[PDB]
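Presented below, as structure tokens, is a lone chain in the form deposited in one PDB entry.
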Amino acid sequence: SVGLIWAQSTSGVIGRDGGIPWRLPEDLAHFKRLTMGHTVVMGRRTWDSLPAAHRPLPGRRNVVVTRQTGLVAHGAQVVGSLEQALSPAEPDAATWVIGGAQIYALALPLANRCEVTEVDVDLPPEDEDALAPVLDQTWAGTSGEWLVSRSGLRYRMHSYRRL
């Protein structure tokens, strides 16, 4: 079972300047809860974006997709394609694709679940932004209520599954 998990602004931004352009602690906690103990598959640019105490993501099998065969990624398994990432020698009940924009587009046709955090932050898109994938009519979802973070941002969680 392959799931995608991401956080986006309402406008569809997920990344800017090599990081994430808002602070939402409740969403980081959501991400940690859902992924702990499982495999997390990410693009190389997302691996480079992880802060020191989170690179590798503790308690999870980190898998990094790159075309650079020789890449040094201490604490992670380097593979050369998304399909490789999803064909482990040691199966996992739950595999999560955790970004970024390039990898989400490759993974979406292979996935059966998307766990999306929506962040009510006004972020008009900028030219180098990474953007969220779009879910079409093959996906159907349920939305949690709009919540307010202790830090101030409105947010809510959506759970989609392939029809």
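Shifts are known only where both forms have a C-alpha. Between two forms, the rigid core is defined as the largest C-alpha subset superposing within 1.5 Å. Numbering starts at 1 and runs along the sequence shown.
What comes next is about the form deposited in another entry, which is not displayed.
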Can you tell me which of these residues, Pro124, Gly70, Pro109, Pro51, is the one whose C-alpha shifts by at least 2 angstroms between this form and the one not shown after a rigid core fit? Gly70
Superposing on the rigid core, is the CA of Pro88 displaced by 2 Å or more between this form and the one not shown? yes
By 3 Å or more, the Cα spacing of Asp92 and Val78 differs in the other entry; is it closer or farther than in this view? farther
Can you tell whether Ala101 sits closer to or farther from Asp92 in the other entry than it does here, judged by CA atoms, where the change is 3 Å or more? farther
With the rigid core superposed, can you list, in sequence order, the 3+ residue stretches whose C-alpha atoms all shift 2 Å or more between this form and the one not shown? 70 to 73, 88 to 93
